[PDB]
Structures are given as structure tokens and as C-alpha cells.
Amino acid sequence: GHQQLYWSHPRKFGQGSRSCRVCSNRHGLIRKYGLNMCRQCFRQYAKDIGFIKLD
Amino acid sequence: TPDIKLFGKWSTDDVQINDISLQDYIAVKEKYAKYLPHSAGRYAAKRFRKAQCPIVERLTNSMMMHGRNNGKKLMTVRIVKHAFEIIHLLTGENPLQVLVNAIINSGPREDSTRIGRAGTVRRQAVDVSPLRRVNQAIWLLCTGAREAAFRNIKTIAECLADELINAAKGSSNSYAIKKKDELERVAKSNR
Amino acid sequence: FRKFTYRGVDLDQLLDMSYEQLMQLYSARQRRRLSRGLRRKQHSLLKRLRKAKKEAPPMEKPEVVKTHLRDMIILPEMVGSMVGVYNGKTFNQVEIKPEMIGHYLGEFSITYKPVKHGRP
Amino acid sequence: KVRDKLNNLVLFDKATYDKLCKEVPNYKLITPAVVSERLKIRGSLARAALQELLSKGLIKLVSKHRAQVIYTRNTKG
Amino acid sequence: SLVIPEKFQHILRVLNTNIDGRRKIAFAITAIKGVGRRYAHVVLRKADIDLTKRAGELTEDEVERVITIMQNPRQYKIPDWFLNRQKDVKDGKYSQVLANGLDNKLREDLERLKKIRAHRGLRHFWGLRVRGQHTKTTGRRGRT
RNA sequence: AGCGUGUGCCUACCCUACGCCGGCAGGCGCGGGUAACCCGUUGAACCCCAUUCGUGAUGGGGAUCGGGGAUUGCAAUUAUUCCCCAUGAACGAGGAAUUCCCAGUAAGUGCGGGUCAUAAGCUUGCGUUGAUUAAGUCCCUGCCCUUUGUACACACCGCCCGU
């Protein structure tokens, strides 16, 4: 029963159901407004998104 | 018709200041006479702009201490008004005159300064500025009423009432007069 | 000499009743657990666990069956059964007394050792 | 440094009632705090006695509040 | 009225415990182990006794009615969710316990856990915390 | 009152007015919003007024612990969380020492966002009430410039003499 017990674990909810869409890590995710990455990747690619640190 | 700025129900006129050194620092007469002890603000901005504040407003502002009472201006105002009620019904004297004569009688006129290194006990006698006289007088009245009204059945509207009249007659049964004359005794002990 | 009674009913009375009223005979969490759904999605292990419990040794000490399921609520039908449940390292072989009802297998297998401090 | 743990009576005995009725309308300031201090009774008991004296008409009201109330004697003239 | 009444009972001896008579009846009965502030108002609402009287002037028939409400609260229309001991593991009855059934039933439940050898019983036997909280930083008054 | 947020790609998990049932935690058919339109005029808290309490480890304080009921999830036991009744410990303004701040500031008080299936004693923002003291100093802890001294330069937390 390798096929039916290989990934029968439900990852429907929880932290590991989502991941970073830049580098695929599961720590420090930003889910607000659907960015779906960690803080470092947003800080590195924040200029081309259009977010400016005016304040 | 604004014939007289009646402080709720007390008249701000016919009040006598006995000391001439506190004449321009206590403003209750004919210019800084309000209906309430609560004004707007911009009074602690510059250096000497707090000398133009009404004395009952300064007492109300110094009434609130010890964490759980900061900002509650309405509650201190109604303590002040009730205390004025017991002061008027208790002696037969106008309550603004009792406030003026207590601050003059409870003002420490000579101070000792800590001088030297940290730990050594040396005091040098200096005299107290007239603004600082009023300032420590109000602070002493407030802390005397505060430590009188603590873990006691007697309310703060009565504990504040007994504290000024004991300072007004100089009976030295009040706590402000107690620290005033031990401070004068310490300043006199080493000059 | 004392006879055990649970919720006003007897042991054989508890055996010869069903889950539809046994949920109200249980507590709040156990009613929610049994009323959640069918024991099919992950509890086919539980299905074959009560099957292996329904396997009957003869009139002696019953044979021990061991499992990794710490989330098993003690049914009344499995009183007087011999079981060792996994705490992570070994199997604590425990006798099912007629008092187990309303609990888990994780209630009766300790994980941490009781600490005995020495010198700092 | 004497403790003197106060044990206030929950209701009036004989001497407290006429002591109150002869001395409390002869005082300048009357509040339940000073009545409880002078007559060694409870705070709510002093409030009930002062409400009775107010209903009798021998005490005039000055100001009422949820914290404390202010009472005074009648004019002797 | 405000004068002390005759045979004003000072110390009330109810259910072999000591009860002061100087306290309010909604609060003087709360000194009994097992009954608190919330359930005291319901008892003096089922019985026709006002909440404005002290405990020291009540007499035998009203305190006897209150003791009946103590011992048998179910048929005086007290709701079933208001009770402290519900759905018993021994017999399955709704009851209110007043310090004797309370103390001996808590003792019997603790020895039941210690006999059944659940980890709640082992933690009660060892003298630790059972509700699952951190012990590393607190509980410094455990042992010397 | 003011910052906000709201049906998401694999990705399913949104914010909610209104009606009934139930003490409550909660449950079902119903309508809006992909947003200055709907929650929403965001009937927030502290405050204000009126009773009860009366110096009593007390109606302060809610730790510990027993029983019961709902929600999330495949799964709660080492109690996820919430609700109900009991249980009512220490604590009487805190030693030596030490942190932050000077105007809508400290402080009191609550509301949003982040983590989030279930979710704030943390953090970032927001609003309400709203002060005492001071317009100075180099004494302490340090910083900038000039002059001088040095056996230091891995730089005084350095180097070095003797039993």
C-alpha cells in the first residue's frame, strides 16, 4: 500500500499547506493582500512591486 | 450678564493676599477668574507661563497622581468642588481665602542642596524661589490629602477639606506644615 | 464485593446498547468525537483495531494487541482486554479495568520519565 | 503604635440612638464617614440613619452624589 | 427596625460550620464551603426573603426553608445548568454539594484517579500542575 | 472616535446586517460587499449619573483545582479555545540596585494589522482623557575639537618589576 500510504496525510489546512512563492520556505510568511512570501524576498523585490518606504 | 465671575457659587473678588512675595504668582483676582477649574491648555509651554494659571486649576492638575488617577480631570474637579463645599460650610469663611492663606503658610522659604560626591552628606543652605514656594506648597497639600485619604473610611472630599484649614491656621497637625518646618529645620541646622 | 455502576446502568447494560444513545451517555468532547463522522477516513485502523480485539483467545489470560493509536476512546465492549499503546519508545502493557470508560489510550502511557534532579 | 482593630456595630443599641439624636443635629458638618468615626458604626448604617433623619426633617440637604453626601445642622435661631 | 431586635442571634450554627450574623444574607451564607456569590441570589429569590436584611435577625422557619433549598434544590425549579456537580460517574444525578459531599466526593475522585493510574492522578499524587501549563519558571513554592 | 481589513492561483480557509431557538458559549434557512454603496452614523473603553458595600485577606485580588456544555480540525491527553457553577492561595505600596520621558508628552483607557483552520499577556499603528517638574549643568556615565605627556600600537580589557 505504498501508493495509498505515501501522501495520505491531509495538508488541507495548517502552515505547510502554504509556502513562499519566491524561494519556497515556510518561515515568516506574509499573507496580507496575497503576496505569499517571506519578509526577505519582499524586501529584496519590493521596488518593482511599487512599494516605496516613504514613511 | 457677566457682573462677576462666580466660581460656581463663590465670588472671586474680596480675597486678600497677605504676602507680597507671592503677589504676581497667584492669579485669582479679576483677570484669571474662571467658572471652572478646567481650562484648555498651552500653559506649560514656555518658562514662566504657569505663573498665569489659576491657582485652583494648578491644585486640580496636581491632585491626580499614582497611576490609576492620571487624566481623570472631571473626578478631580468634583473633588475640588465638594472640598470647597465643606470648606464654606465648616468655617464660615470664603473658600478662596482659605486656599490662599494655606499656600502662604505652607511654603518652605529655605532649602538645602545636596553637594559633594554620591553618598556623602553635605547640605548648603539656599533660599527658595517664590514660584517654587507655590509649587512645593501645592505638591505638599496634594500629597498630604492623598496620604490622608488612603485605607481610611474618610472620603477624599473630607480629607482634602481638613488638610487646608490645618494649614490655614498653622496648627501643624497637617502633613504639609510638618514637612515645611522640618525642611526649614534642616536648612537652619547647617548654614 | 462492590458492584460498579456507571451513570446508573450496569456493565452488561452498557455492552448491549448502541452508539446513538451512548453519545449522550458520554461527555461533551466524546459526543463531539463520535458524532463527527464515519470511522473510515483515518480510523480504518480503529475498525481493524476493534476487529483484532473481537478476535477471541480461549478461557485464559487474553492475548495482548498493540497499536500506535493514542486517540482511541475506550468503548464498553473492550473491558477486560490486554493492550500496550506506544508512547514513542516502548509499549506499556496495561490491563483494561472496568473504569476506563470516558478516556484515551494516551491517559495510561506516560511519555516523560518522572524527573529526579541531582546536583546543578 | 496600637492597632485597635475596629469592630463597628451593624445596628444601633440603645445609647447610640439617643446619642445620635442629641449630638448629630448639633454638629457643623455631617457625612457618613464622620458619623461612622465618631459613633463607631458601619458606613451603610450611618447612611440609613442619615436618610431617616432627612425624612424626619431635622437635617437639610446640601449636595447629593454617588460618592458622598453633605449634611449640616439646622439654624439655632 | 434599625434598633437591634430581641433575640438577635449573633453566631449562626448552620451545617456544623461558623456563620457570622453581621454580614448581609446574600453574602453571609457564602461563607459555607460549596456555595458562592452567584448561587446565593437564586436561593433567596426562590424563597420569599428579601435581600435587604442582615443574617442575624432571621428566624427558624425562613432559615429552615433556605436549608431545604440547600439540600434539595432540584424541585424548587432551579435550572439544571446552574449546578456545580452534574452527570455523575457513579450514579448519574444532578446535585449540589455543601462541603461534606463536596469534600468526600473530591477525595473519592482523587483516589479514583490514583487507583485508575491516569496521569492526572499521578500528577496529583506527585503534587504538580494538571491543567498543562509551564512549570519551568513558576511553582517555586513546591518543595525545599 | 480614528487608523484599518474583507470571498485568495495550485489554495479549500472572507467581513457581516436581519429572523427564530437556547441562560451562554453557539446552531439552521435567509440578504449585502469583491468595497466612501454592506457590516457602519464602526451606539468602543476610560469617564458621567443613581443604588448596594464600609477598613474586615472584605463584595479587593482570581492563582490552583472539580464537574458539565458548545466551536475549529483527520486527531486535543501533556486540559487548543470559549462558556456555566463551585474552589478564593500569595499579595497590607516592596531591600541593594536600575529603566523611560519633558507637551497633546508620560500615564490611564480601549480599537485595528501581523502571525490565524482554531488565535494575543507580544509587536506595529490608531483614537479618547490628559498632567507634575525644567529652559540648565559637566558632578556621575559618555561624546566632539585644541594643547600637553607616554616604556601603548592585536592599541589601558595595553605594557611591566620582584620574592
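Here are the numbers:
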| read-out | value |
| --- | --- |
| Residue satisfying condition, being assigned to a loop (DSSP other than H, G, I, E, B) and away from RNA strand F (no atom under 13 Å from the Cβ), within set C:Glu60, C:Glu77 | C:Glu60 |
| Among residues of the range C:35-57, those that are within 16 Å of RNA strand F (Cβ to nearest atom) and among the small types (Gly, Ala, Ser), counted | 3 |
| Hits in the range A:19-53 (condition: within 13 Å of RNA strand F (Cβ to nearest atom), part of a loop (DSSP other than H, G, I, E, B) and either within 14 Å of chain C (Cβ to nearest Cβ) or not basic (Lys, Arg) (or both)) | A:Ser19, A:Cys20, A:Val22, A:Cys23, A:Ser24, A:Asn25, A:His27, A:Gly28, A:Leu35, A:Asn36, A:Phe51 |
| Contacts under 9 angstrom Cβ, first residue in the range D:33-51 being at positive phi and free of Cβ contacts under 8 Å to residues at least 60 places away in the same chain, partner within 11 Å of RNA strand F (Cβ to nearest atom) and of a type outside the set (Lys, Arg), 6 or more apart | D:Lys40/D:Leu6; D:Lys40/D:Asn7; D:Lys40/D:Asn8; D:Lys40/D:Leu9 |
| Number of positions in the range E:86-123 that are in contact with a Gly (Cβ under 8 Å, 6 or more places away or on another chain), closer than 23 Å to E:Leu44 by Cβ and within 14 Å of chain C (Cβ to nearest Cβ) | 1 |
| Candidates C:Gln21, C:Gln13, filtered to the one that is over 18 Å from E:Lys90 (Cα atoms), polar (S, T, N, Q) and free of Cβ contacts under 8 Å to residues at least 12 places away in the same chain | C:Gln21 |
| Residue in the range B:32-49 that is assigned to a helix (DSSP H, G or I) and free of Cβ contacts under 8 Å to residues at least 40 places away in the same chain present | yes |
| The range E:55-78, residues that are in a helix (DSSP H, G or I), among the polar types (S, T, N, Q) and more than 15 Å from the chain's Cα centre (by Cα) | E:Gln75 |
| In the range E:8-50, residue farthest from RNA strand F (Cβ to nearest atom) [restricted to those that are within 14 Å of another protein chain (Cβ to nearest Cβ) and of a type in the set (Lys, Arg)] | E:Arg22 |
| Unmet requirement for E:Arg140, which otherwise passes all of (1) more than 10 Å from RNA strand F (Cβ to nearest atom); (2) under 30 Å from E:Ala40 (Cα atoms); (3) assigned to a loop (DSSP other than H, G, I, E, B) | (2) |
| Test: residue in the range C:10-32 that is under 14 Å from the mean Cα position of the chain (by Cα) and within 15 Å of RNA strand F (Cβ to nearest atom) | yes |
| Identity of the residue in the range C:75-111, of a type in the set (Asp, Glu) and out of contact with any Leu (no Cβ under 6 Å at 6 or more places or on another chain), that ends up farthest from the other protein chains (Cβ to nearest Cβ) | C:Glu95 |
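Any read-out appearing in this document is the output of simple, stated calculations on the displayed coordinates, not a laboratory observation. In this analysis, Cβ positions are derived from the backbone assuming ideal geometry, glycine residues included, and neighbour counts consider all displayed protein chains.
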